[PDB]
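Participant: In the order they appear, the protein sequences are chains G, A and P.
Here the first sequence stands for residues 349 to 398, numbered as in PDB author numbering.
Here the second sequence stands for residues 6 to 117, numbered as in PDB author numbering.
Here the third sequence stands for residues 449 to 498, numbered as in PDB author numbering.
C-beta atoms are modelled at their ideal positions from N, C-alpha and C, and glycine is treated no differently.
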Amino acid sequence: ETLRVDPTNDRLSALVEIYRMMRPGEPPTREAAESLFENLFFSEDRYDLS
Amino acid sequence: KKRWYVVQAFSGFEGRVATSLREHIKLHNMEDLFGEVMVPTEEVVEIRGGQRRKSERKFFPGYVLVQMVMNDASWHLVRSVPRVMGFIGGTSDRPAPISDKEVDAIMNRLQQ
Amino acid sequence: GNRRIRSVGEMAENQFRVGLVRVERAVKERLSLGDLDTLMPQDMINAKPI
RNA sequence: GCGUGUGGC
DNA sequence: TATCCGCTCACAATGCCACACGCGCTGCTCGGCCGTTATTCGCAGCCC
């Protein structure tokens, strides 16, 4: 059900969709979407799990 | 075309915005994509006191704007720098520049 | 067991990091244009805001 | 003028 | 195209009383003023 309710089924549109979910619009063409998605959780600068 | 796109930054620090943007463009050696940051915003008018002629020569509504060609990556570069309070222009995130009449008008203003 | 205690040292280190991230932004925007044989590493940082 | 901290009915 | 159904936002959180402290510096940016209006002293009505 979680997959069937997902309107996007590829990796590219998923990135821009999650960026639009995070940032107030301003969708990037594989430039800021992937970078922000990797910086918000997978970056040691803005993520400091002790 | 090397369009004259308009943007508004943090007021008061607008000279600091100009130099920060200039240094950022000069670091990424992207001179073939971007231009100036409206250095002509220096109206030499002043309050000329007696025996002390210290003149800052700064009088303009601000609005540091950069001559640039519209690109998504370039937009992300110019927003990654600080002082991006408002990227004005009627749009979602991709605006349009202003015609050459206002360019001639601001050139006249610089001439004065 | 799901509730962790943080004493004076942890909060002090957190505030020190909150200051240090700004100090790092400052020294990075200063070193972004600082070239060789210009200054000694004493004026790059700001002791008063930390 | 407010905010913050603390205490009491 | 109507009928509810689901997502989103405004709004509330006693009442009081007592004590204490705390409210940053520097680089752009904007407006704009006469020695005839405002300061100060000489003179006289009125109460003690």
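(1) Determine whether the Cβ of G/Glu379 lies closer than 8 Å to any Cβ atom of chain A.
(2) Please indicate yes or no: does the CB of A/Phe65 lie closer than 7 Å to some heavy atom of the ligand NAP?
(3) DSSP three-state label for A/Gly55, please.
(4) Tell me the residue span of the alpha helix (DSSP H) that contains A/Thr24.
(5) Which residue or residues does DSSP assign as beta-bridge partners of A/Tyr10?
(6) To be precise: take each residue of the segment 363 to 391 of chain G, compare its Cβ to all Cβ atoms of chain A, and keep it if any distance is under 7 Å. Which residues remain?
(7) With A/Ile111 as the anchor, note down where its alpha helix (DSSP H) starts and where it stops.
(8) On the DSSP bridge list, what partners appear for A/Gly91?
(9) From the beta carbon of P/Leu484, is the nearest beta carbon of chain A less than 8 Å away?
(10) Would you mind working out which of A/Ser60, A/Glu41, A/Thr96 sits nearest A/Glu51, comparing C-alpha positions?
(11) Looking at chain P, is there any beta carbon in it that lies within less than 8 Å of the beta carbon of A/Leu26?
(12) Indicate the three-state DSSP secondary structure (helix, strand or coil) for A/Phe65 in the structure shown.
(13) Would you list the residues sitting across from A/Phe39 in a DSSP beta bridge?
(14) Who are the neighbours of P/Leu481 on chain A, taking C-beta pairs under 9 Å?
(15) Judging by CA-CA distance, which residue of A/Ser79, A/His33, A/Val83 is the nearest neighbour of A/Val22?
Facilitator: Quick answer:
(1) yes
(2) Among the components modelled here there is no ligand, and therefore nothing to report on the ligand NAP.
(3) coil
(4) 19 to 32
(5) A/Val71
(6) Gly373, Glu374, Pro376, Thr377, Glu379, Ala380
(7) 105 to 116
(8) A/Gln13
(9) no
(10) A/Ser60
(11) no
(12) coil
(13) A/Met73
(14) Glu28, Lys31, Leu32
(15) A/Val83
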